[PDB]
Amino acid sequence: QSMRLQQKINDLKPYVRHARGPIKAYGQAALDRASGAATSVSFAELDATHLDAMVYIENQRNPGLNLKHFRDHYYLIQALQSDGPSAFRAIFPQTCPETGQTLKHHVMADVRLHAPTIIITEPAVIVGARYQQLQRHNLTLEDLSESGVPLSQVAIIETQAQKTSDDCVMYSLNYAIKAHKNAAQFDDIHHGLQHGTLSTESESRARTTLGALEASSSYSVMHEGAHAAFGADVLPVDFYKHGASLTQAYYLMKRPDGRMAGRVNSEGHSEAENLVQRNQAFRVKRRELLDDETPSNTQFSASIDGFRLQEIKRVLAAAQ
Ligand SMILES: CC(C)(COP(=O)(O)OP(=O)(O)OC[C@H]1O[C@@H](n2cnc3c(N)ncnc32)[C@H](O)[C@@H]1OP(=O)(O)O)[C@@H](O)C(=O)NCCC(=O)NCCS
Ligand SMILES: O=P(O)(O)O[C@H]1[C@@H](OP(=O)(O)O)[C@@H](OP(=O)(O)O)[C@@H](OP(=O)(O)O)[C@@H](OP(=O)(O)O)[C@H]1OP(=O)(O)O
């Protein structure tokens, strides 16, 4: 139990207790989730359902965010083929190549239009348990490619900040907001991608699961052309504020460039905070078995859940 997440709970509880409809049920499930109680439902589906009502209030909160929710990844392609905004971000679930069904596992795409440039951010890992995320990313990339977009101008960035299999959509959302807040660096990455290159990819692609597989297999496992890199080398510290792993926070603050060793809360704070401190401020035990107790601290940062509570408070306050 942690005072910060508890504070977030106390902030949200009235809004849910005053809510009506499916959003009350969702908010209650989120409160249970955060509090450390059991959740008799999958949160990928819940988040997927109530993503739009958020996206709206977040687009209000930060004009210029340009966040969109696409039911398919083909709707992303349809959206690309328009003289729309010069820069927009989209959240979408992957599609199973052998069934054509959407399978949760959402990702976010920071997009610039011009020969368009696409940046897919992976909250978890590129490869996956049974090489599933890999071939799914492959489907997405192939479709983007026959859409007309050159694969040398698309980049998937594995962050490995998310350690759970449930919080895809919230990580995607926070990553959208942060991609808007950190527009400059993304503009840099896009200027790079326009000429078909990615900064320090040579070192940074190895640090991903995709890198280990490409080095252990020595044959193309992900599509020829598509770029990839580890988040800590190309993204700002904002993308790791919700990393569950404290070891990750430690290893990130220990980086020589010291990009991840700064302060991670707004400067308008009496008490400063860095990555590790924030991780420790949202540090709670986790929810699996007693027979299968795990090595390393069984604990993690439930900061992302607090992000969920945050979004729900914003929506429920926005509606009333
Ligand atoms: C990343 C992964 C492959 C294992 O890498 P790993 O993190 O080296 O495995 P570890 O056993 O060392 O996990 C250690 C970290 O996981 C964190 N963790 C917290 N909740 C977790 C969870 N539900 N599942 C896995 N790891 C979790 C632990 O806190 C620890 O961080 P700490 O040492 O700071 O506490 C694995 O955790 C994972 O994400 N698997 C899912 C990937 C996948 O197939 N699909 C994802 C798409 S949803
Ligand atoms: O995710 P965002 O939409 O970008 O919201 C962020 C942020 O959230 P993150 O933890 O996900 O990075 C902080 O909230 P905390 O969880 O750290 O407490 C912050 O607040 P502080 O920096 O002062 O701590 C503030 O939230 P709020 O809107 O409630 O003020 C802020 O969004 P803003 O751009 O509105 O400041």
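First residue shown is number 1, and so on along the chain.
Recorded method for this deposit: X-ray crystallography, 3.4 Å.
Quick reminder: no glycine exception, Cβ is built from N, Cα and C everywhere.
What Swiss-Prot lists as 1D-myo-inositol hexakisphosphate binding site is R4, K8, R61, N174, 178-181, 241-242, 266-269, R278, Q310, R314, and the listing cites a large-scale study or a structure entry. As annotated by Swiss-Prot, active site applies to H105, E122, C168, with the evidence given as experimental evidence. Among the features that Swiss-Prot reports, CoA binding site is placed at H105, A129, 163-164, 244-247, 283-286, 296-300, with the record citing a large-scale study or a structure entry. According to Swiss-Prot, the feature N6-acetyllysine maps to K241.
Structural mapping of features recorded in Swiss-Prot.
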residue	record	DSSP class
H105	active site	strand
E122	active site	strand
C168	active site	helix
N174	1D-myo-inositol hexakisphosphate binding site	helix
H180	1D-myo-inositol hexakisphosphate binding site	helix
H242	1D-myo-inositol hexakisphosphate binding site	coil
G268	1D-myo-inositol hexakisphosphate binding site	coil
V284	CoA binding site	strand
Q310	1D-myo-inositol hexakisphosphate binding site	helix
Next item on the list: Taking a cut-off of under 6 Å between Cβ and any atom of ligand 2, tell me which of the recorded positions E122, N174, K241 pass.
Entry: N174, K241
Note to self: For a Cβ distance below 6 Å to any atom of ligand 1, name the binding-site residues from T164, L246, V284, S296 that qualify, or say none.
What the structure shows: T164, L246, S296
Checklist line | Cα-Cα span in Å, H114 to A115, with 3 residues unmodelled | finding: 6
Check: Can you tell which of the recorded positions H105, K241, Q310 lies nearest to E122 (active site) in space, using Cα positions?
Finding: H105
Margin query: Please identify, among the recorded positions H105, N174, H180, the one with the smallest Cα-Cα distance to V284 (CoA binding site).
Written below: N174
Checklist line | Largest tally of Cβ atoms lying within 10 Å of a Cβ, found at which of the recorded positions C168, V284 | finding: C168
Check: Hey, of the recorded positions listed (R4, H105, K241, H242), which one tops the CB count within 10 A?
Finding: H242
Notebook entry, point to check: Ranking the binding-site residues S296, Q299 by other Cβ atoms within 10 Å, which is at the bottom?
Noted result: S296
